[PDB]
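Here is the structure we will look at.
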Amino acid sequence: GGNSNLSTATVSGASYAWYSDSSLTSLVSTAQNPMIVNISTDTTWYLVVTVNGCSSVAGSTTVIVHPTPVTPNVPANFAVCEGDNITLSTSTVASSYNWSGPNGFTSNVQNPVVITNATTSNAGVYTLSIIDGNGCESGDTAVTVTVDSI
Amino acid sequence: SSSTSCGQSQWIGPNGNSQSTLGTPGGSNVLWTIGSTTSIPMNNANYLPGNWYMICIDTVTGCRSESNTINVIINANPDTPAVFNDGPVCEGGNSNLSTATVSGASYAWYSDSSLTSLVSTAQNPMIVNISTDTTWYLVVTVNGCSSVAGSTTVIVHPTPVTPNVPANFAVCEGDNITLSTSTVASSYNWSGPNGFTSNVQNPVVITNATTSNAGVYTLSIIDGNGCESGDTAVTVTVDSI
């Protein structure tokens, strides 16, 4: 889903044409250094440089899409007695963590602040996603937490 | 052409001065006419730039007299320009257009087909406040010769779907007001009575509800492409104890 720049050599007197595919059937941009926007998979652009009416053989480059990181390791559904604590944690390592849940609960760490004196307003689904070392976000996982009235 | 009265006029272009070019005078023969003016169509082998001259032929005596020399210049019409834009834009947003740099060119961007209304003269103009899919046309003019209008379409991203919010509820005075939405958003924007506000799917619960928290709680959603959905709302009443 990210963007990346392409770049090439400056050729005096040249016009540049970037094509989306083999056989140069569809033009995408005319720039020395165009950007590819919203890349979902490994993709290639082809480049033709034309000087004084003579066109070069298309050059090319591949932008690699970084592999999506693995879904976080989060505990199984648990239950807490009303008045007791809700403890959340994850077993994986991240650049950052993004937790969210009931009552506006949020946290950016591996071991979020414990919710004390749990009441039924803290029951619900606690969701976690992870940002890896290369900056990519993993898919969501979640734990359902119930609170048993006393 | 020439003002000098000549019986026949033999034109010498880049292909001239030989019997295979200067064929029999008169008729459809642009290089050997029966008067001083000649017209060369674009679909003609002799429609060429360069140094031209004329030989006046006296049809009574056979005498010949040569002319002065002119440099005929035929200018090229620039290529249909390519036009690119910033991609899908949310309703009401702005987007840039861009084209190739053509040395010596002036640029004219038109709002519609047939080029009847001019909107901007720039290499990379912006379209402001786009409500629907829209197109601009581009004409590039060099040395007085205009290109065929190129064009591009800016797509307006489809407005996201109205948020899913609970039905009107009632809370007993002293009890809790819980708000939530069932949809997924980049961000949420909740607002309501007593300055209530929240940016999440599950806002902080309003405890010890009093009648000052009664009223209309409104929600809008920002989607993954940055566009805002329309409002929906839940009316919350508080029953005095």
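The way I read the labels, and the way they are meant: chains A, B, ... in the order of the structure tokens, residue 1 as the first residue of every chain, and ligand 1 as the first ligand shown, with later ones counted on from there.
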Residues of chain B within 7 Å of chain A, counting only C-alpha atoms, what are they? List them as a compact mmCIF listing (two decimals) with N, CA and C atoms, in the first residue's frame.
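File written: out-v3.txt
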# COMPACT_ATOMS: atom_id res chain seq x y z
N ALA B 100 3.99 17.31 -19.95
CA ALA B 100 5.37 17.33 -20.40
C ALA B 100 5.86 18.75 -20.62
N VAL B 200 -12.54 7.01 18.87
CA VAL B 200 -12.40 5.57 18.77
C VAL B 200 -13.73 4.84 18.52
N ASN B 202 -14.93 2.45 20.32
CA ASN B 202 -15.60 2.22 21.60
C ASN B 202 -15.21 3.31 22.60
N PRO B 203 -15.93 4.44 22.59
CA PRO B 203 -15.67 5.61 23.42
C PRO B 203 -15.79 5.31 24.89
N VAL B 204 -15.16 6.16 25.68
CA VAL B 204 -15.20 6.02 27.12
C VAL B 204 -16.63 6.13 27.58
N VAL B 205 -17.01 5.21 28.46
CA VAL B 205 -18.35 5.12 29.00
C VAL B 205 -18.64 6.30 29.91
Checklist entry - Which polymer residues have any atom within 8 Å of an atom of stretch 75-86 of chain A, counting only C-alpha atoms, with same-chain residues fewer than 3 positions away left out, as a VMD selection string? => result chain A and resid 89 to 90 114 to 120 143 to 150
Item to check | Neighbour list for residue B:4 as a PyMOL selection string, cut-off 8 Å, only C-alpha atoms, skip fewer than 2 positions in-chain | outcome: chain B and resi 2+6+36
List as a PDB file with N, CA, C and O atoms, in the first residue's frame the protein and nucleic acid residues near residue B:82, meaning an atom at most 12 Å away when only C-alpha atoms are counted, but skip any in the same chain fewer than 4 places from it.
ATOM      1  N   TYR A  16      11.191  11.445 -21.740  1.00  0.00           N
ATOM      2  CA  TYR A  16      11.126  10.167 -21.058  1.00  0.00           C
ATOM      3  C   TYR A  16       9.716   9.636 -21.104  1.00  0.00           C
ATOM      4  O   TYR A  16       8.770  10.394 -20.927  1.00  0.00           O
ATOM      5  N   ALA A  17       9.563   8.337 -21.288  1.00  0.00           N
ATOM      6  CA  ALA A  17       8.248   7.740 -21.261  1.00  0.00           C
ATOM      7  C   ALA A  17       8.264   6.460 -20.465  1.00  0.00           C
ATOM      8  O   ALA A  17       8.997   5.537 -20.795  1.00  0.00           O
ATOM      9  N   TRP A  18       7.454   6.394 -19.428  1.00  0.00           N
ATOM     10  CA  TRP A  18       7.377   5.231 -18.574  1.00  0.00           C
ATOM     11  C   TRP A  18       6.128   4.470 -18.887  1.00  0.00           C
ATOM     12  O   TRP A  18       5.048   5.048 -18.880  1.00  0.00           O
ATOM     13  N   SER A  26       0.912   0.778 -22.778  1.00  0.00           N
ATOM     14  CA  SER A  26       0.177   1.732 -21.965  1.00  0.00           C
ATOM     15  C   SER A  26       1.142   2.634 -21.232  1.00  0.00           C
ATOM     16  O   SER A  26       2.046   2.150 -20.559  1.00  0.00           O
ATOM     17  N   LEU A  27       0.981   3.933 -21.422  1.00  0.00           N
ATOM     18  CA  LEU A  27       1.866   4.941 -20.863  1.00  0.00           C
ATOM     19  C   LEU A  27       1.345   5.345 -19.503  1.00  0.00           C
ATOM     20  O   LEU A  27       0.148   5.559 -19.347  1.00  0.00           O
ATOM     21  N   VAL A  28       2.226   5.458 -18.512  1.00  0.00           N
ATOM     22  CA  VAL A  28       1.813   5.875 -17.184  1.00  0.00           C
ATOM     23  C   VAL A  28       2.362   7.236 -16.799  1.00  0.00           C
ATOM     24  O   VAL A  28       1.657   8.012 -16.159  1.00  0.00           O
ATOM     25  N   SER A  29       3.596   7.558 -17.162  1.00  0.00           N
ATOM     26  CA  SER A  29       4.106   8.873 -16.811  1.00  0.00           C
ATOM     27  C   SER A  29       5.215   9.304 -17.744  1.00  0.00           C
ATOM     28  O   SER A  29       5.822   8.493 -18.426  1.00  0.00           O
ATOM     29  N   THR A  30       5.477  10.601 -17.756  1.00  0.00           N
ATOM     30  CA  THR A  30       6.551  11.181 -18.546  1.00  0.00           C
ATOM     31  C   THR A  30       7.352  12.070 -17.627  1.00  0.00           C
ATOM     32  O   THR A  30       7.089  13.267 -17.550  1.00  0.00           O
ATOM     33  N   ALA A  31       8.322  11.504 -16.934  1.00  0.00           N
ATOM     34  CA  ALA A  31       9.066  12.275 -15.960  1.00  0.00           C
ATOM     35  C   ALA A  31      10.442  11.683 -15.758  1.00  0.00           C
ATOM     36  O   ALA A  31      10.662  10.496 -15.978  1.00  0.00           O
TER      37      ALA A  31
ATOM     38  N   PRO B  78       2.905  20.221 -32.694  1.00  0.00           N
ATOM     39  CA  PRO B  78       3.334  19.418 -31.549  1.00  0.00           C
ATOM     40  C   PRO B  78       2.416  18.221 -31.342  1.00  0.00           C
ATOM     41  O   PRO B  78       1.249  18.253 -31.728  1.00  0.00           O
ATOM     42  N   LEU B  97      -2.857  18.608 -11.985  1.00  0.00           N
ATOM     43  CA  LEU B  97      -2.697  18.035 -13.295  1.00  0.00           C
ATOM     44  C   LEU B  97      -1.262  18.279 -13.685  1.00  0.00           C
ATOM     45  O   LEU B  97      -0.662  19.243 -13.227  1.00  0.00           O
ATOM     46  N   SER B  98      -0.704  17.440 -14.539  1.00  0.00           N
ATOM     47  CA  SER B  98       0.633  17.735 -15.004  1.00  0.00           C
ATOM     48  C   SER B  98       0.852  17.270 -16.426  1.00  0.00           C
ATOM     49  O   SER B  98       0.242  16.306 -16.881  1.00  0.00           O
ATOM     50  N   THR B  99       1.755  17.945 -17.128  1.00  0.00           N
ATOM     51  CA  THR B  99       2.104  17.522 -18.470  1.00  0.00           C
ATOM     52  C   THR B  99       3.594  17.681 -18.734  1.00  0.00           C
ATOM     53  O   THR B  99       4.365  18.103 -17.874  1.00  0.00           O
ATOM     54  N   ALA B 100       3.989  17.310 -19.946  1.00  0.00           N
ATOM     55  CA  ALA B 100       5.373  17.330 -20.395  1.00  0.00           C
ATOM     56  C   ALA B 100       5.856  18.746 -20.617  1.00  0.00           C
ATOM     57  O   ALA B 100       5.081  19.625 -20.983  1.00  0.00           O
ATOM     58  N   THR B 101       7.145  18.973 -20.425  1.00  0.00           N
ATOM     59  CA  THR B 101       7.693  20.286 -20.716  1.00  0.00           C
ATOM     60  C   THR B 101       8.076  20.335 -22.177  1.00  0.00           C
ATOM     61  O   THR B 101       8.839  19.496 -22.648  1.00  0.00           O
ATOM     62  N   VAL B 102       7.552  21.310 -22.894  1.00  0.00           N
ATOM     63  CA  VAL B 102       7.827  21.459 -24.307  1.00  0.00           C
ATOM     64  C   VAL B 102       8.507  22.796 -24.490  1.00  0.00           C
ATOM     65  O   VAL B 102       7.920  23.837 -24.179  1.00  0.00           O
ATOM     66  N   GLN B 123       1.979  24.948 -16.732  1.00  0.00           N
ATOM     67  CA  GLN B 123       2.339  23.579 -17.044  1.00  0.00           C
ATOM     68  C   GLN B 123       1.606  22.633 -16.117  1.00  0.00           C
ATOM     69  O   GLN B 123       1.032  21.678 -16.607  1.00  0.00           O
ATOM     70  N   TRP B 136     -10.221  17.888 -17.859  1.00  0.00           N
ATOM     71  CA  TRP B 136      -9.672  19.077 -18.480  1.00  0.00           C
ATOM     72  C   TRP B 136      -8.949  18.715 -19.766  1.00  0.00           C
ATOM     73  O   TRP B 136      -8.377  17.636 -19.886  1.00  0.00           O
ATOM     74  N   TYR B 137      -8.980  19.627 -20.730  1.00  0.00           N
ATOM     75  CA  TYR B 137      -8.364  19.435 -22.033  1.00  0.00           C
ATOM     76  C   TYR B 137      -7.136  20.308 -22.198  1.00  0.00           C
ATOM     77  O   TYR B 137      -7.144  21.462 -21.807  1.00  0.00           O
ATOM     78  N   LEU B 138      -6.084  19.792 -22.811  1.00  0.00           N
ATOM     79  CA  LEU B 138      -4.850  20.559 -22.936  1.00  0.00           C
ATOM     80  C   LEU B 138      -4.384  20.786 -24.353  1.00  0.00           C
ATOM     81  O   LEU B 138      -4.160  19.834 -25.099  1.00  0.00           O
ATOM     82  N   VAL B 139      -4.121  22.033 -24.691  1.00  0.00           N
ATOM     83  CA  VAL B 139      -3.590  22.389 -25.996  1.00  0.00           C
ATOM     84  C   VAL B 139      -2.220  23.026 -25.838  1.00  0.00           C
ATOM     85  O   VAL B 139      -2.046  23.945 -25.044  1.00  0.00           O
ATOM     86  N   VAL B 140      -1.239  22.530 -26.560  1.00  0.00           N
ATOM     87  CA  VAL B 140       0.117  23.043 -26.473  1.00  0.00           C
ATOM     88  C   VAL B 140       0.415  23.781 -27.755  1.00  0.00           C
ATOM     89  O   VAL B 140       0.233  23.222 -28.835  1.00  0.00           O
ATOM     90  N   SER B 147      -1.411  21.992 -30.966  1.00  0.00           N
ATOM     91  CA  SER B 147      -1.593  20.556 -30.918  1.00  0.00           C
ATOM     92  C   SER B 147      -3.047  20.181 -30.757  1.00  0.00           C
ATOM     93  O   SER B 147      -3.906  21.008 -30.480  1.00  0.00           O
ATOM     94  N   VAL B 148      -3.315  18.910 -30.957  1.00  0.00           N
ATOM     95  CA  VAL B 148      -4.637  18.353 -30.751  1.00  0.00           C
ATOM     96  C   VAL B 148      -4.827  18.239 -29.260  1.00  0.00           C
ATOM     97  O   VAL B 148      -3.917  17.807 -28.560  1.00  0.00           O
ATOM     98  N   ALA B 149      -5.973  18.644 -28.748  1.00  0.00           N
ATOM     99  CA  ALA B 149      -6.113  18.643 -27.304  1.00  0.00           C
ATOM    100  C   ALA B 149      -5.958  17.264 -26.706  1.00  0.00           C
ATOM    101  O   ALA B 149      -6.609  16.314 -27.129  1.00  0.00           O
ATOM    102  N   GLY B 150      -5.140  17.176 -25.666  1.00  0.00           N
ATOM    103  CA  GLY B 150      -5.004  15.969 -24.886  1.00  0.00           C
ATOM    104  C   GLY B 150      -5.967  16.095 -23.735  1.00  0.00           C
ATOM    105  O   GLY B 150      -6.657  17.089 -23.638  1.00  0.00           O
ATOM    106  N   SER B 151      -6.027  15.104 -22.858  1.00  0.00           N
ATOM    107  CA  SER B 151      -6.985  15.255 -21.772  1.00  0.00           C
ATOM    108  C   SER B 151      -6.712  14.305 -20.640  1.00  0.00           C
ATOM    109  O   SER B 151      -6.039  13.297 -20.821  1.00  0.00           O
ATOM    110  N   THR B 152      -7.292  14.599 -19.478  1.00  0.00           N
ATOM    111  CA  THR B 152      -7.274  13.622 -18.400  1.00  0.00           C
ATOM    112  C   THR B 152      -8.476  13.739 -17.496  1.00  0.00           C
ATOM    113  O   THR B 152      -9.044  14.816 -17.331  1.00  0.00           O
ATOM    114  N   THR B 153      -8.822  12.619 -16.875  1.00  0.00           N
ATOM    115  CA  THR B 153      -9.959  12.532 -15.975  1.00  0.00           C
ATOM    116  C   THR B 153      -9.506  12.345 -14.547  1.00  0.00           C
ATOM    117  O   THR B 153      -8.752  11.420 -14.249  1.00  0.00           O
TER     118      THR B 153
END
Next on the checklist: Quick one: residues within 9 Å of residue B:188, only C-alpha atoms, excluding same-chain residues fewer than 6 positions away - as a ChimeraX atom specification?
Outcome noted: /B:198-201,219-223
Using N, CA, C and O atoms, can you write the selected residues to a file as a PDB file, in the first residue's frame?
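selection_38.pdb, freshly written:
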ATOM      1  N   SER B 198     -15.064  11.749  21.121  1.00  0.00           N
ATOM      2  CA  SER B 198     -14.226  10.563  21.087  1.00  0.00           C
ATOM      3  C   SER B 198     -13.712  10.264  19.694  1.00  0.00           C
ATOM      4  O   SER B 198     -14.388  10.508  18.701  1.00  0.00           O
ATOM      5  N   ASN B 199     -12.514   9.699  19.626  1.00  0.00           N
ATOM      6  CA  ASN B 199     -11.951   9.333  18.340  1.00  0.00           C
ATOM      7  C   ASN B 199     -11.806   7.832  18.124  1.00  0.00           C
ATOM      8  O   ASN B 199     -11.070   7.415  17.225  1.00  0.00           O
ATOM      9  N   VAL B 200     -12.541   7.014  18.871  1.00  0.00           N
ATOM     10  CA  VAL B 200     -12.404   5.568  18.773  1.00  0.00           C
ATOM     11  C   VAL B 200     -13.727   4.842  18.518  1.00  0.00           C
ATOM     12  O   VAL B 200     -14.815   5.391  18.642  1.00  0.00           O
ATOM     13  N   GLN B 201     -13.589   3.561  18.170  1.00  0.00           N
ATOM     14  CA  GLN B 201     -14.713   2.667  17.918  1.00  0.00           C
ATOM     15  C   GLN B 201     -15.558   2.451  19.152  1.00  0.00           C
ATOM     16  O   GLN B 201     -16.773   2.256  19.048  1.00  0.00           O
ATOM     17  N   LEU B 219     -22.080  10.498  15.046  1.00  0.00           N
ATOM     18  CA  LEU B 219     -20.857   9.849  14.572  1.00  0.00           C
ATOM     19  C   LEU B 219     -20.631   9.966  13.072  1.00  0.00           C
ATOM     20  O   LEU B 219     -21.532   9.689  12.279  1.00  0.00           O
ATOM     21  N   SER B 220     -19.395  10.292  12.684  1.00  0.00           N
ATOM     22  CA  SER B 220     -18.946  10.210  11.296  1.00  0.00           C
ATOM     23  C   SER B 220     -17.631   9.439  11.227  1.00  0.00           C
ATOM     24  O   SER B 220     -16.847   9.434  12.175  1.00  0.00           O
ATOM     25  N   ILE B 221     -17.359   8.823  10.078  1.00  0.00           N
ATOM     26  CA  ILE B 221     -16.179   7.977   9.895  1.00  0.00           C
ATOM     27  C   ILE B 221     -15.234   8.406   8.790  1.00  0.00           C
ATOM     28  O   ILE B 221     -15.647   8.725   7.673  1.00  0.00           O
ATOM     29  N   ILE B 222     -13.946   8.340   9.087  1.00  0.00           N
ATOM     30  CA  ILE B 222     -12.920   8.547   8.083  1.00  0.00           C
ATOM     31  C   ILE B 222     -12.478   7.181   7.605  1.00  0.00           C
ATOM     32  O   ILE B 222     -12.056   6.345   8.409  1.00  0.00           O
ATOM     33  N   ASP B 223     -12.568   6.947   6.309  1.00  0.00           N
ATOM     34  CA  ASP B 223     -12.248   5.648   5.737  1.00  0.00           C
ATOM     35  C   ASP B 223     -10.746   5.544   5.435  1.00  0.00           C
ATOM     36  O   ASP B 223      -9.973   6.477   5.660  1.00  0.00           O
TER      37      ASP B 223
END
Extract, using only C-alpha atoms, all DNA, RNA and protein residues at most 8 Å from residue A:1, discarding same-chain residues fewer than 6 positions from it, and format them as a short mmCIF file (atom, residue, chain, number, x, y, z; two decimals) with N, CA, C and O atoms, in the first residue's frame.
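Final file, around_29.cif:
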data_model
loop_
_atom_site.label_atom_id
_atom_site.label_comp_id
_atom_site.auth_asym_id
_atom_site.auth_seq_id
_atom_site.Cartn_x
_atom_site.Cartn_y
_atom_site.Cartn_z
N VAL A 37 2.32 4.84 -7.04
CA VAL A 37 1.47 5.05 -5.88
C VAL A 37 0.62 3.82 -5.59
O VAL A 37 0.12 3.18 -6.50
N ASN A 38 0.47 3.50 -4.30
CA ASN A 38 -0.35 2.39 -3.81
C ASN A 38 0.06 1.04 -4.38
O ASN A 38 -0.72 0.35 -5.02
N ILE A 39 1.29 0.64 -4.11
CA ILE A 39 1.83 -0.61 -4.62
C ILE A 39 1.35 -1.77 -3.77
O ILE A 39 1.72 -1.86 -2.60
N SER A 40 0.59 -2.69 -4.34
CA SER A 40 0.15 -3.83 -3.54
C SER A 40 1.03 -5.05 -3.71
O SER A 40 1.13 -5.88 -2.80
#
Checklist entry - Out of stretch 57-237 of chain B, which residues get strand (DSSP E) from DSSP, as a PyMOL selection string? => result chain B and resi 57+64-66+70-72+83-85+93-99+105-110+118-120+126-130+134-142+145-146+150-154+169-172+187-191+197-198+215-222+232-237
Checklist entry - Residues of chain A in helix (DSSP H, G or I) according to DSSP, as a PyMOL selection string? => result chain A and resi 22-24+102-104+120-122
With a distance cut-off of 9 Å and only C-alpha atoms, select the neighbouring residues of residue A:74, excluding the residue or stretch itself and same-chain residues fewer than 4 positions from it, and output the selection as a PDB file with N, CA, C and O atoms, in the first residue's frame.
ATOM      1  N   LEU A  88      -3.373  -7.721  30.077  1.00  0.00           N
ATOM      2  CA  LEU A  88      -3.175  -7.991  28.678  1.00  0.00           C
ATOM      3  C   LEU A  88      -1.689  -8.010  28.426  1.00  0.00           C
ATOM      4  O   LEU A  88      -0.942  -7.311  29.103  1.00  0.00           O
ATOM      5  N   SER A  89      -1.267  -8.822  27.472  1.00  0.00           N
ATOM      6  CA  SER A  89       0.126  -8.852  27.076  1.00  0.00           C
ATOM      7  C   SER A  89       0.239  -9.524  25.731  1.00  0.00           C
ATOM      8  O   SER A  89      -0.654 -10.259  25.327  1.00  0.00           O
ATOM      9  N   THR A  90       1.363  -9.316  25.061  1.00  0.00           N
ATOM     10  CA  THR A  90       1.651 -10.084  23.865  1.00  0.00           C
ATOM     11  C   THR A  90       3.033 -10.698  23.946  1.00  0.00           C
ATOM     12  O   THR A  90       3.931 -10.178  24.606  1.00  0.00           O
ATOM     13  N   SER A  91       3.181 -11.834  23.284  1.00  0.00           N
ATOM     14  CA  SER A  91       4.430 -12.579  23.307  1.00  0.00           C
ATOM     15  C   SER A  91       5.377 -12.218  22.179  1.00  0.00           C
ATOM     16  O   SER A  91       6.493 -12.738  22.143  1.00  0.00           O
ATOM     17  N   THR A  92       4.966 -11.369  21.251  1.00  0.00           N
ATOM     18  CA  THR A  92       5.813 -11.055  20.117  1.00  0.00           C
ATOM     19  C   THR A  92       6.572  -9.756  20.305  1.00  0.00           C
ATOM     20  O   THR A  92       6.242  -8.923  21.144  1.00  0.00           O
ATOM     21  N   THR A 127      -8.236  -5.666  20.859  1.00  0.00           N
ATOM     22  CA  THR A 127      -7.603  -5.921  19.573  1.00  0.00           C
ATOM     23  C   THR A 127      -6.168  -5.417  19.536  1.00  0.00           C
ATOM     24  O   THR A 127      -5.866  -4.360  20.079  1.00  0.00           O
ATOM     25  N   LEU A 128      -5.278  -6.191  18.906  1.00  0.00           N
ATOM     26  CA  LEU A 128      -3.863  -5.839  18.760  1.00  0.00           C
ATOM     27  C   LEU A 128      -3.330  -5.979  17.342  1.00  0.00           C
ATOM     28  O   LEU A 128      -3.527  -7.011  16.698  1.00  0.00           O
ATOM     29  N   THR A 141      -5.387  -9.352  15.557  1.00  0.00           N
ATOM     30  CA  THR A 141      -5.857 -10.492  16.321  1.00  0.00           C
ATOM     31  C   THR A 141      -6.530  -9.929  17.545  1.00  0.00           C
ATOM     32  O   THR A 141      -6.325  -8.766  17.872  1.00  0.00           O
ATOM     33  N   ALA A 142      -7.330 -10.730  18.235  1.00  0.00           N
ATOM     34  CA  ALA A 142      -8.016 -10.176  19.391  1.00  0.00           C
ATOM     35  C   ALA A 142      -8.364 -11.219  20.434  1.00  0.00           C
ATOM     36  O   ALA A 142      -8.518 -12.401  20.136  1.00  0.00           O
ATOM     37  N   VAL A 143      -8.534 -10.750  21.665  1.00  0.00           N
ATOM     38  CA  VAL A 143      -8.947 -11.579  22.785  1.00  0.00           C
ATOM     39  C   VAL A 143     -10.264 -11.058  23.328  1.00  0.00           C
ATOM     40  O   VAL A 143     -10.423  -9.854  23.538  1.00  0.00           O
TER      41      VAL A 143
END
